[PDB]
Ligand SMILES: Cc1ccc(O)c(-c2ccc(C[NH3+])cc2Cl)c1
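Only one chain comes next, encoded as structure tokens, the form solved without the named molecule.
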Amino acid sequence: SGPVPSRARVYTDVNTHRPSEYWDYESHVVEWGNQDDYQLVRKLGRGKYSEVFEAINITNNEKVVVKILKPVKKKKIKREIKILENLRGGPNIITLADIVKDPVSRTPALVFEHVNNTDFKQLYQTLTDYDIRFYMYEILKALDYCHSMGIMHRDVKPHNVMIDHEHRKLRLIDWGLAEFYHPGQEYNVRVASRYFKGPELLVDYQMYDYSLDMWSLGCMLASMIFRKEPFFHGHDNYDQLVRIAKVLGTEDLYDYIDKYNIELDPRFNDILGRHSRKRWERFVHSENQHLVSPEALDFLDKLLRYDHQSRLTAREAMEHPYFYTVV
């Protein structure tokens, strides 16, 4: 009779009870300001979807970030703007300061608050056990908030988490793949970045929810406490599920598929194999043992579960004993 339906265990009907103005991004009217107020300083990054620059707001001599958007569907631009406007001011959510267009190019550009980020490839190696607990709690404040606002980020990964370590400031950025949650909606599974994709996306289970972000957060946590980046290192989307099954095992994978009556794609036939569940303690080594604890492993175990419904919600995660030592 097809795959079994599913819905979020929390904030299930938040968009249903809100007027269409909130979630109907296609009908949202965007007012594009003049980019002449911003002087570009340097390239900060690029991305599948944009060229980002450090800039000065010439009216107040303040550093900002200008994200000049690459040629994609105008529907996607409107979605990112609406979500950023909806979440603006939320805890650890990047602040959209302005929406502008350069007068001659007319290229859509988003203006954000500047975060003096240290690339994760240089920063994660220097973090202490306390710092990992602290920054994970900061991401959880952002996720509990955006999930309460009926929004799934769908691209949680180190490159999308800006950290000003000197000021202990964290911002969740890149809301370009984010979507409104509507119970029963079948979403595109071609979201998130390979290493952080939840098993729901990999087995083409479309009725997913906020819990996808919790799998991605678990992938980040595992890479930080075990110093293994990325933790699940797939070479393609099918191999990504095989990397997961080499850790969580194939028995619990088949239980997940059966609970939701999912049909595994034939491409999995020759590559999945049979794998026993590996204990989390097997990833502890001399280089990472100072970041691992029974609380850390228990918390990781409750995030990295095939069954999206069994995973901790962001609010449940915030109540975990792993966070007792944080503010």
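A residue's number is simply how far along the shown sequence it sits, counting from 1.
Missing here is the form solved in complex with the named molecule; even so, the following discussion is about that form.
Among residues of the shown chain, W215 is not one whose heavy atoms approach the named molecule to within 4.5 Å in the entry with it bound. The closest non-hydrogen atom of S148 lies beyond 4.5 Å of the named molecule in the entry with it bound. Among residues of the shown chain, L127 is one whose heavy atoms approach the named molecule to within 4.5 Å in the entry with it bound. Contact annotation for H159: at least one heavy atom lies within 4.5 Å of the named molecule in the entry with it bound. Residues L303, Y306 and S310 are none of them found to lie within 4.5 Å of the named molecule in the entry with it bound, as judged by heavy atom distances. Residue-level contacts in the entry with it bound: of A97, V247, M207, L123, one residue has a heavy atom within 4.5 Å of the named molecule, and it is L123. This chain lacks the partner; the member of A142, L87, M136, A192 within 4.5 angstroms of the named molecule in the entry with it bound by a non-hydrogen atom is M136. Annotation for 204-229: interface residues with the named molecule in the entry with it bound are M220, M224 [heavy atom within 4.5 Å].
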